[PDB]
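S.K.: Chains as they are written, first to last, in UniProt numbering: chain A, 2 to 52, 56 to 233, 238 to 245; chain B, 100 to 124; chain C, 11 to 137; chain D, 373 to 445, 453 to 534, 537 to 983, 1009 to 1114; chain E, 180 to 233. Don't be surprised by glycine CBs; every beta carbon is placed ideally from N, CA and C. One structure, as structure tokens, below. Some questions next.
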RNA sequence: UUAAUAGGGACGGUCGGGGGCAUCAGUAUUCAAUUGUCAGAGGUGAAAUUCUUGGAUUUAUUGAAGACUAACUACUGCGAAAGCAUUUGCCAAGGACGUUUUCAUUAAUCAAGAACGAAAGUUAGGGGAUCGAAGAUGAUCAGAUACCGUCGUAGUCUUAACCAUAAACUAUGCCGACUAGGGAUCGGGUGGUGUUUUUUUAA
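In structure tokens form, the structure reads like this:
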């Protein structure tokens, strides 16, 4: 309420005058994604020009939908987090930071008259990257089923959780973080779980609900350059 | 630690100077 | 030739915030609210205040250089309502009318799996 | 460690001796902390007393920031202020005990103590022998990454210009020209190289300290009573991270010429320049040129020393150049100017694989493709010669790739059908690839590496960028079937079948883990990809690669890196290679197992239980094979707990020949120093010990088609 | 190669088919003892070795 | 003498949001650090106390504290009742089913007495995020929005004892027999059957 009848406030007494457009000193910066993604171009960001600029850039986290990175609407419904790690000539070299799905779906999949199964595991990659994985799967009815619901016994639930628990540990331990992301895009992890859990009970909508990055090793620029696949200056004549 | 301690003692007696030459000098 | 922003919309029952930032979200580009574009406090949540705020950022956004944004609508969430109100919807329309390109729309309202007790009590509230 | 109480400003590494060790440790018994608390107690034993002093020297700094004062005749206290030189003040006597201790030597002394403090805290592995029963001062080139010898002019008195540069302010400061000259060369070398190096040592070769009673001062043959030395040798401990940087950054540009920038411009002279970069920063920096024969370190020291010390100096380090030349030069654009540390060729091969890696996913198959894991040598930066487009004459042109499909219950239960089903999958892949992507060419080949499995067929893909890939299918049912064969096999035949399994897991299962960890580890160890290649090159010259599997050579060559103690991490091509020679020469593979922690420099480190578990395996094996005929080299790790995966089937003569070559090579080094003549002997085969020798020639020259 | 793979497996599916029928065909001994065969069992040779293994 | 469509005990595989002790996760609330920006933020029908140019609100990277297990959630489950919804492990208990295993009347009802007994409350420690009797304070204009807003004590959590009351409901003593049909669901067991499954690891 900027109206006149709106009563005066104490804070209104002291008002710093606006003497700078902050974006006069801002400078744009272009983000690039790791090589595992098809579309490396993922936009740009802005920071105050160095008096340094790199400090504010390091540790920056950008979240984006997979569809933009893979150019497929079969990934319009998944989201990835990328963190800035290295800066070179206005280009940002990022590394995978996390993955999560959109809220609207999680409401969409969750429906009445079945059982919700969730499993979680804490595990480290071969790169000493400690991550936490969340997996979601639902029971389904058979083709000739006549019962209205498809509830599964808790003994089955514990059996399914163990199978989901053991498997998720297997891939993460026997793979690197960059390799681990490479499996996420073709959603390969889900289809084992269907097959491994196939005999126990028929499931549906099997997904790795979320991925969290708990701990990171000592940073290695040499590795990061490899994941992204130096430059002499111009003389002031 | 016990293994290391015994290893020290073995090293010392190997490098221990012979007392006969001490009298000689 | 296409720079993306993030237009974070927070539609509260007494006010609506239009906020545009970079993709990371660290750098605020333009934050406007229904209150600064209205004369009385009750119309802060009104849709009309929202169009003014949304238009104001859009003009600011074009000056900056950004030409598209990703909107992340949200409500107060928590122990209160989870769906954005008319103000948040109205602001979304204004951004489209402003001419800026829309990238993606998603509802990021905080949803608690378990929630603390609400302020209303047992008999209820919102009387 | 080659540390003595002798003078160091002259050039000899030392200045810290028993007395300095004793005086220091005495002070700690009286205090030493910032709060003047005792760090050592009179009740401590020898291990504890030694541990504290080594721990003390490692972490508290005595030269730049901080110094100690004590009272010989009053609790010893650590001061935060530093005198910029190694200082151990004695208030009672007003004597600094570290005056003989040089700044440059002090950092090396600090590195050794801190490096040893890590082994002292180590509990997994015994370190008594390394800390105490291993001389690292025998060879400078093993102990130092780079060595340059500089021949000063007019060496029966030094030239008037150099003698004139001595100056009167320096006689008072540095009593002898040798002390002054050592300081001069150090400061310019330190200032010039900067971050490119970690530690520098200047040694005055042929310096005497005893003279006949008939003479007043020492007489050097070249000295003529003027200078007591033959020549100066510049030894470095290089920093692999920033050794090969093209441009040496300097102070940023400003309106008024700043002092730091001013010295930068004066120091580099014409070589100085002011350059801009993509980020937009304007800074004073000088640009160098990379070469495939010598590092940037050779050029910078040559120019820097000549400009400041004397324009007539002669700097030469031919040993590294000869080592560099032995590395096969790839037939790529700008190959000569490329540095030995660049892996662009390997990355380009990976990029080509990525394009194919995309195509195979999008192809529709009866079973969804699970994962494709490249396992070729180039993918881990170990191929002897770098990949070259269309250079198909190379043996390593076709890189093995593992294809794995979604787990299915429909796989054949009998082996011979299983691969024939795998071939059917490969057949369809080829057809669709031929149709959708005609630019890719393909053909099938016969693989017989696994004994008695004569039906495994591999698909060879010729990529349009000019790279070859070999694809083989992996099935989960495959591994159990081999176990099934072992169980049903006759008792006499079971030892044969398990060998067949051993090769299978070596190619399919363990190979995946091998390439993964080596690839990631290789980034931290910059010089691993070169040194291994020369190591394989050295084996090939003596006809040893034929029996030694490429993996085994890699594990032997990484031992100096994962386990550099008592030495440092190699940062030079020469240092890494010769250390591998040193280890093999002294390796008692009959009684000593080789086990490696494939981890990055300080988890996945071997624990006490795992460590002891691997040790029990070696004892059990040696109990059955004490003389070691069946197995010679025991190489184990997290990937290989059995320890026999990559070292089985090697004939004893080749194992002995390998060690015999390493021993003799080290003996030649001790008898004759590293030089052009010796290094040629290292890499040339005698060929006389063999009973009969057959000469073969190919119809055409294959060097060009090998990309060399 | 294509012909060889086709002929080889085509024979295999026949041999696999008869084997699975044989095990699940209500085998009864001359003295009337009905062999117990579990579902998904494919080869009688497999049943024998399972006994030998255990 | 039976082994009662009396009862007890046993054993086999199951079954349970039954209980306790640890253990794991989960957002959410509040608070704190850093981070970009700038005039309001909050609240109600209309307002004012209140916070805020030492940067509020909002943005984003984290951390800490105490509660609590959404959606899935059902005329579905367990427990005598009161009540009981994250994972994993330990601890003992148990209904039903199966049984060509065992006791041989050991049973029904019922005083005093005893165990527990929703929420609230009392005594003495710990904790105290949220909500919140009481108390203080802003506004006291307008009847569908007419009692709201801010601070918030005891309490809400837990440890060791007291208090023993609920629309603690089938508004409805107990034990035993008999007196209609129908298909839905839960647990167990029996037979058949062809789909999903699957192959000498086992299961």
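#1: What's the call for residue 512 of chain D, buried or exposed, on a 16-neighbour Cβ count within 10 Å?
#2: Given residue 653 of chain D, which residues of its chain have a CB within under 7 Å of its CB, disregarding the five upstream and five downstream residues?
#3: For the candidate residues D/421, D/1081, D/977, whose alpha-carbon lies nearest to that of residue 1042 of chain D?
#4: Determine, for residue 6 of chain A, whether the minimum Cβ-Cβ distance to residues of chain D falls below 7 Å.
#5: Measure from the C-beta of residue 507 of chain D to each C-beta in chain B and report whether the shortest distance is under 7 Å.
#6: From this set, C/24, C/125, C/102, which residue's C-alpha is nearest residue 16 of chain C's C-alpha?
#7: Just how far apart, CA to CA, sit residue 7 of chain A and residue 51 of chain C?
#8: So who's on the other strand from residue 822 of chain D, going by DSSP bridges?
#9: Determine, using beta carbons only, whether residue 17 of chain A comes closer than 7 Å to chain C.
#10: Would residue 804 of chain D pass as an interface residue toward chain E - the criterion being a Cβ-Cβ separation below 7 Å?
#11: Is residue 199 of chain A closer than 7 Å to residue 142 of chain A when the C-beta atoms are compared?
#12: Flag residue 801 of chain D as yes if its beta-carbon sits less than 7 Å from any beta-carbon of chain E, otherwise no.
#13: For residue 909 of chain D and residue 1112 of chain D, I'd like the C-alpha separation in whole angstroms.
#14: May I have the straight-line CA-CA distance separating residue 115 of chain A from residue 153 of chain A, to the nearest angstrom?
#15: In terms of alpha-carbon separation, which member of A/131, A/169, A/211 lies closest to residue 905 of chain D?
#16: Start and end of the beta strand (DSSP E) containing residue 29 of chain A?
#17: So with CB distances below 9 Å, who are the chain C contacts of residue 66 of chain A?
#18: Going by DSSP, name the residue or residues bridged to residue 580 of chain D.
#19: Which bits of chain A does residue 114 of chain C rub up against, with CB to CB less than 8 Å?
#20: Helix, strand or coil, according to DSSP, for residue 233 of chain E in the structure here?
#21: When DSSP builds the beta bridges, which residues end up paired with residue 103 of chain A?
#22: Can you pull the chain B residues whose beta carbon is under 8 Å from the beta carbon of residue 511 of chain D, in chain order?
#23: In whole angstroms, give me the CA-to-CA distance for residue 49 of chain C and residue 22 of chain C.
#24: Since residue 419 of chain D meets chain B, which of its residues come closer than 7 Å, beta carbon to beta carbon?
#25: Give a yes or no on whether the C-beta atoms belonging to residue 930 of chain D and residue 1096 of chain D are separated by under 7 Å.
#26: Looking at the strands, I want to know which residues DSSP matches up with residue 527 of chain D.
#27: Could you name the residues of chain C that residue 46 of chain A contacts, counting a contact when the two beta carbons are closer than 9 Å?
#28: For residue 191 of chain E, which residues in chain D fall below 8 Å Cβ to Cβ?
#29: Taking DSSP as the reference, what is the three-state secondary structure of residue 1096 of chain D?
#30: State the start and end residues of the unbroken beta strand (DSSP E) segment that holds residue 69 of chain A.
#31: Here's the rule I'm using: 16 or more other beta-carbon atoms within 10 Å means buried, otherwise exposed. How should residue 853 of chain D be labelled?
#32: Where does residue 122 of chain A sit, in a helix, a strand or coil, going by DSSP?
#33: Strictly below 7 Å CB to CB, what residues from chain D border residue 226 of chain E?
#34: Could you tell me which chain A residues have their CB closer than 9 Å to the CB of residue 46 of chain C, listed as they occur along the chain?
#35: Please classify residue 428 of chain D: does DSSP put it in a helix, a strand, or coil?
#36: Rounded to whole angstroms, what's the CA-CA distance from residue 699 of chain D to residue 1090 of chain D? Just pull it up for me.
M.R.: Reading from the atomic positions:
#1: By the 16-neighbour rule on beta-carbons within 10 angstroms, residue 512 of chain D is exposed.
#2: Within the same chain, and ignoring the five residues on either side of residue 653 of chain D in sequence, the residues whose Cβ sits closer than 7 Å to its Cβ are 645, 646, 665, 667.
#3: When each option's Cα is compared against that of residue 1042 of chain D, the closest is D/977.
#4: So, not an interface residue.
#5: With its beta carbon less than 7 Å from one in chain B, residue 507 of chain D belongs to the interface.
#6: Measuring from the Cα of residue 16 of chain C, the nearest candidate turns out to be C/102.
#7: Distance between the alpha carbons of residue 7 of chain A and residue 51 of chain C is about 8 Å.
#8: For residue 822 of chain D, the beta-bridge partners assigned by DSSP are D/843.
#9: Not flagged as an interface residue toward chain C: residue 17 of chain A, since no C-beta distance is shorter than 7 Å.
#10: For residue 804 of chain D, the closest Cβ of chain E is nearer than 7 Å.
#11: Their beta carbons are not under 7 Å apart, which means residue 142 of chain A does not touch residue 199 of chain A by this criterion.
#12: Cβ-Cβ to chain E under 7 Å: yes for residue 801 of chain D.
#13: Straight-line Cα distance between these residues: approximately 23 Å.
#14: Residue 115 of chain A and residue 153 of chain A have their C-alpha atoms spaced approximately 11 Å apart.
#15: Considering only A/131, A/169, A/211, the residue with the shortest C-alpha distance to residue 905 of chain D is A/131.
#16: The continuous beta strand (DSSP E) containing residue 29 of chain A extends over residues 27-33.
#17: Residues of chain C passing the Cβ test: 32, 33, 34, 35.
#18: Note: residue 580 of chain D sits in a beta bridge opposite D/618.
#19: Chain-ordered, the chain A residues with CB closer than 8 Å to the CB of residue 114 of chain C read 69.
#20: Collapsing the DSSP output to three states places residue 233 of chain E in coil.
#21: DSSP, once it has assigned bridges, lists A/84, A/215 as partnering residue 103 of chain A.
#22: Going along chain B in sequence order, the residues near residue 511 of chain D (Cβ under 8 Å) are 110.
#23: Spanning the two alpha carbons is a distance of roughly 18 Å.
#24: What residue 419 of chain D touches in chain B: 103, 104, 107.
#25: At least 7 Å separates the beta-carbon of residue 930 of chain D from that of residue 1096 of chain D.
#26: According to DSSP, which records beta bridges pairwise, residue 527 of chain D is partnered with D/615.
#27: Under the 9 Å cutoff, chain C gives 32, 33, 34, 36, 37.
#28: The answer, in chain order, is 793, 795, 798.
#29: Residue 1096 of chain D: coil per DSSP, three-state reduction.
#30: Residue 69 of chain A -> beta strand (DSSP E) spans 65-69.
#31: By the neighbour-count definition (other C-beta atoms within 10 Å, threshold 16), residue 853 of chain D is a buried residue.
#32: In the structure shown, residue 122 of chain A sits in a strand (DSSP, three-state: E or B).
#33: In chain order: nothing, as chain D lies at least about 14 Å away.
#34: Those within 9 Å of residue 46 of chain C in chain A are 2, 3.
#35: Secondary structure of residue 428 of chain D (DSSP, three-state): helix.
#36: So the alpha carbons of these two residues sit roughly 18 Å apart.
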